[PDB]
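Novice: Take this structure, written in structure tokens, and hold onto it; I'll ask about it next.
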Amino acid sequence: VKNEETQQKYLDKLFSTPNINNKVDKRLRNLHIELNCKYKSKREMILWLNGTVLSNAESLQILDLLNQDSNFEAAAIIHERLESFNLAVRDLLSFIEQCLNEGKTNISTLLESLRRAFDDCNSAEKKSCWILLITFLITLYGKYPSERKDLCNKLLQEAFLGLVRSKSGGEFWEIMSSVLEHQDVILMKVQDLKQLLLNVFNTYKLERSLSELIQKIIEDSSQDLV
Amino acid sequence: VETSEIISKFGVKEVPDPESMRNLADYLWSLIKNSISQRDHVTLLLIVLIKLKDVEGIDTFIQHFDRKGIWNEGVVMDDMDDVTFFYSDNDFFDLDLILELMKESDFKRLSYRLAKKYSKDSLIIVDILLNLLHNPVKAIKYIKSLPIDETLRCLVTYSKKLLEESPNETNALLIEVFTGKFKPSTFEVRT
Amino acid sequence: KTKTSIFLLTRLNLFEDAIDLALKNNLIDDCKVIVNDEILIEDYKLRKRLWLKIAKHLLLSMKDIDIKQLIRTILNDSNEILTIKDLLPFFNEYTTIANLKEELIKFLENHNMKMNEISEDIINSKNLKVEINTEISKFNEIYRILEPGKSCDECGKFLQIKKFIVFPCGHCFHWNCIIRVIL
């Protein structure tokens, strides 16, 4: 057929339904895998990658094809499907850095990406990955001039909350102290670190403030019901 | 339905979540728009306002809030230097906790405006203006625009601090106070 | 006079000036004793200010030496006041990373414990409310109270002549004897 998109559409419904039981073709599967790269819809590419057979050779071919592509999210998803926690974390960090450099991701989108990255880190020897992610975030915050300072502070607060919910974690907090050793590697200005610590403490106090009011309202309602 | 039932599904998660607390703030705004003036609720209405970086969501509340605790549009006169300012206490958001929370952030510049709306705090207004807001000329003017001669505790409490910046004006004020010249004054906002 | 002036200032209700003079005179022990002997209470606000001033005078005064030990001793003597957050602004520039990290870890652990307790309390309150609502719903239209063959109480005459104001635990009233009792 002298039209690639017609072949793509024909092969779409061929493998869309898993009802196939007697499959004998092999060249067609490879052709479909190779020509799926011709699809320019990144969102549809991610949707297709959400559900697939994902053979080991097929996974390797998909990773090789996506190496040239800029779809870092697809690579991270493939790594997660491949149980590559470190690779997925690295891909997520690279995607976050690219979004920050572009300066087009929304605040809500940035928060969603940070939440997804925190969930992926918690999924995973995860202490080393968390330390590396914290170091990368600190380096990105330092390199980026002050706009993204609020985003960096929010990311730091989210990382602290995740570390607290992991158990600080005792020695993991010492790992954070070991991360402080990497801070000695950074050797940043004392004023910036003091300001960041003060902001974190103020945010923690503000977050804890509303819990008392919520508990008081709940207790009043419970007493009235009783 | 009951309010706490609605509030229960919120909270729990304290992630930045602009949508969640935006919806909570809208629900509280609609609740306070018509009736149900629970003392705690409005306090929470302030806290979430401090949680967000919005500013116009606070002054508008001050603009259309009655001194006696009625939410209605139209700025009108109030019983200044009266029972509402000296004897009557009424009910509203806890100023001390709210003031501390505001001072925690850097939004304390407009807090001086919020101090006027809140009653009492006769000796706290000078402290907020002098220590925090600096500008000793403004503090001296406020002390001149203070209440009737019965309002002498602030002078006896902060004369030592006042006499460091501008002794001449402080000396004149002290001489006027001690010489029987206790007449009031209008209020507005090297020798 | 080092001591006479301090005593006169204390008797003159000028504790701020007395504390400043004691700090200028390097009478740390006397100032600490005066602070701990604060019989007068001003909602701890004046006490907090005095403690902050004393800490600032102590801080950046001599060599750090046992900086972590000195900071821990000061915090312990503060008696649940002047937390590490307040001392952070006056920390200036130093290399006491370990003590600050330990304090931050302790604060984070306390905050996590408080959040867990709040969540547990909220869950318990929700469960109690659900149980109360279920009990109230079940109690509706399930009275199933019974009248005995012949019945009466309080009035004595007969239950079935005026009305059937009946209570649990087997009591009967005429709707008139009860209103007579309350009067």
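Novice: Being in contact with a helix residue (DSSP H, G or I) (Cβ under 7 Å, 6 or more places away or on another chain) and under 29 Å from residue A:119 (Cβ atoms) is true for just one of A:87, A:11. Which residue is that? Steps first, answer last, please.
Specialist: Details: A:11 fails: under 29 Å from residue A:119 (Cβ atoms).
Of the residues listed, the single one that is in contact with a helix residue (DSSP H, G or I) (Cβ under 7 Å, 6 or more places away or on another chain) and under 29 Å from residue A:119 (Cβ atoms) is A:87.
Novice: Grab the helices (runs of 4 or more DSSP H) fully contained in the stretch B:66-184, keeping just those with 3 or more residues being small (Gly, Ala, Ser).
Specialist: It comes to none.
Novice: Just the residues that are under 15 Å from residue A:38 (Cβ atoms) and surrounded by fewer than 16 Cβ atoms within 10 Å (Cβ to Cβ), please, taken from the stretch A:66-89.
Specialist: Listed by number, the residues that qualify are A:68, A:69.
Novice: Would you tally the residues in the stretch A:100-125 being buried (at least 17 other Cβ atoms within 10 Å of the Cβ), out of contact with any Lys or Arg (no Cβ under 7 Å at 6 or more places or on another chain) and more than 12 Å from chain B (Cβ to nearest Cβ)?
Specialist: 5
Novice: Say we look at the stretch B:14-63 and pick out the residues that are at the interface with chain A (Cβ under 10 Å from one of its Cβ atoms), of a type outside the set (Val, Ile, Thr) and not in a helix (DSSP H, G or I); which of these is surrounded by the most Cβ atoms within 10 Å (Cβ to Cβ)?
Specialist: Filtering the stretch B:14-63 for residues that are at the interface with chain A (Cβ under 10 Å from one of its Cβ atoms), of a type outside the set (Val, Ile, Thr) and not in a helix (DSSP H, G or I), the one surrounded by the most Cβ atoms within 10 Å (Cβ to Cβ) comes out as B:16.
Novice: May I ask you to verify whether residue A:158 is surrounded by 14 or more Cβ atoms within 10 Å (Cβ to Cβ), within 24 Å of the chain's Cα centre (by Cα), facing another protein chain (nearest Cβ under 10 Å) and of a type in the set (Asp, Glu)?
Specialist: When the stated conditions are applied, residue A:158 passes them.
Novice: Further, regarding this structure: Checking residue A:165 against (1) within 17 Å of residue A:127 (Cα to Cα); (2) surrounded by 16 or more Cβ atoms within 10 Å (Cβ to Cβ); (3) not aromatic (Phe, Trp, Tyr), which test does it fail?
Specialist: Single failed check for residue A:165: (2).
Novice: Would you confirm, using the coordinates I've provided, whether residue A:96 is under 18 Å from the mean Cα position of the chain (by Cα), in a helix (DSSP H, G or I) and aliphatic (A, V, I, L, M)?
Specialist: Yes; evaluated as a whole, the condition is true for this residue.
Matching residues to (1) in contact with a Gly (Cβ under 7 Å, 6 or more places away or on another chain); (2) acidic (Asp, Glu); (3) within 14 Å of chain B (Cβ to nearest Cβ):
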position: A:167; (1), (2), (3): no, no, no
position: A:174; (1), (2), (3): no, yes, no
position: A:178; (1), (2), (3): no, no, no
position: A:202; (1), (2), (3): no, no, yes
position: A:210; (1), (2), (3): no, no, yes
position: A:216; (1), (2), (3): no, no, yes
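Novice: Only residues that are in contact with a strand residue (DSSP E or B) (Cβ under 8 Å, 6 or more places away or on another chain), in a loop (DSSP other than H, G, I, E, B) and not charged (D, E, K, R): list them for the stretch C:121-163, please.
Specialist: Once the filter is applied, which keeps residues that are in contact with a strand residue (DSSP E or B) (Cβ under 8 Å, 6 or more places away or on another chain), in a loop (DSSP other than H, G, I, E, B) and not charged (D, E, K, R), the stretch C:121-163 yields C:145, C:151, C:152, C:155.
Novice: I've got another one for you. Does the stretch B:97-120 hold any residues that are touching an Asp or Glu at 6+ places or on another chain (Cβ under 9 Å) and within 14 Å of chain A (Cβ to nearest Cβ), and which are they?
Specialist: B:99
Novice: In this structure, is residue B:8 small (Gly, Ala, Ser), more than 15 Å from residue A:207 (Cα to Cα) and surrounded by fewer than 14 Cβ atoms within 10 Å (Cβ to Cβ)?
Specialist: So residue B:8 fails the test.
Novice: Within the stretch A:21-41, identify whether any single residue is within 19 Å of the chain's Cα centre (by Cα), outside any loop (DSSP other than H, G, I, E, B) and buried (at least 17 other Cβ atoms within 10 Å of the Cβ), and answer yes or no.
Specialist: No: the stretch A:21-41 contains no residue that is within 19 Å of the chain's Cα centre (by Cα), outside any loop (DSSP other than H, G, I, E, B) and buried (at least 17 other Cβ atoms within 10 Å of the Cβ).
Novice: Okay, moving on. Select, from C:8, C:23, the only residue that is in contact with a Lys or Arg (Cβ under 8 Å, 6 or more places away or on another chain) and in a helix (DSSP H, G or I).
Specialist: Just a single option satisfies the conditions, and that option is C:23.
Novice: I'd like to check something: does the stretch B:174-188 contain any residue that is touching a helix residue (DSSP H, G or I) at 6+ places or on another chain (Cβ under 8 Å), farther than 25 Å from residue C:45 by Cβ and of a type in the set (A, V, I, L, M)?
Specialist: Yes: one or more hits.
Novice: While we're on this one: Is it true that some residue in the stretch A:143-152 is polar (S, T, N, Q) and buried (at least 16 other Cβ atoms within 10 Å of the Cβ)?
Specialist: Step one: filter the stretch A:143-152 for residues polar (S, T, N, Q), giving A:146.
With buried (at least 16 other Cβ atoms within 10 Å of the Cβ) added as a condition, the list becomes none.
No, the conditions are met nowhere in the stretch A:143-152.
Novice: For residue B:46, are the conditions met, namely being under 27 Å from residue A:156 (Cβ atoms) and under 15 Å from the mean Cα position of the chain (by Cα)? Explain how you work it out, then say what you get.
Specialist: Numbers: under 27 Å from residue A:156 (Cβ atoms): yes; under 15 Å from the mean Cα position of the chain (by Cα): yes.
So residue B:46 passes the test.
Listed here are the residues, each with its yes/no results for (1) touching a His at 6+ places or on another chain (Cβ under 8 Å); (2) polar (S, T, N, Q); (3) surrounded by fewer than 16 Cβ atoms within 10 Å (Cβ to Cβ); (4) more than 14 Å from every other protein chain (Cβ to nearest Cβ).
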| site | (1), (2), (3), (4) |
| --- | --- |
| C:88 | no, no, yes, no |
| C:96 | no, yes, yes, no |
| C:111 | no, no, no, no |
| C:124 | no, yes, yes, no |
| C:133 | no, yes, yes, no |
| C:147 | no, no, yes, yes |
| C:159 | yes, no, no, yes |
| C:168 | no, no, yes, yes |
| C:173 | no, no, no, yes |
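Novice: For the stretch A:149-204, enumerate the residues that are among the small types (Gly, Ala, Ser) and farther than 19 Å from residue A:133 by Cβ.
Specialist: Within the stretch A:149-204, just A:170 meets the criteria.
Novice: Report the residue count in the stretch A:187-203 for those that are touching a helix residue (DSSP H, G or I) at 6+ places or on another chain (Cβ under 7 Å) and not in a helix (DSSP H, G or I).
Specialist: 1
Novice: If you don't mind, another one. Tell me, yes or no, whether the stretch B:142-153 has at least one residue that is among the basic types (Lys, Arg) and surrounded by 13 or more Cβ atoms within 10 Å (Cβ to Cβ).
Specialist: yes
Quick reminder, even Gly has a Cβ in these numbers, built from the backbone with ideal geometry, and neighbours come from all protein chains shown. Readers should treat all values here as calculations from the given coordinates under stated rules, not as data from a laboratory.
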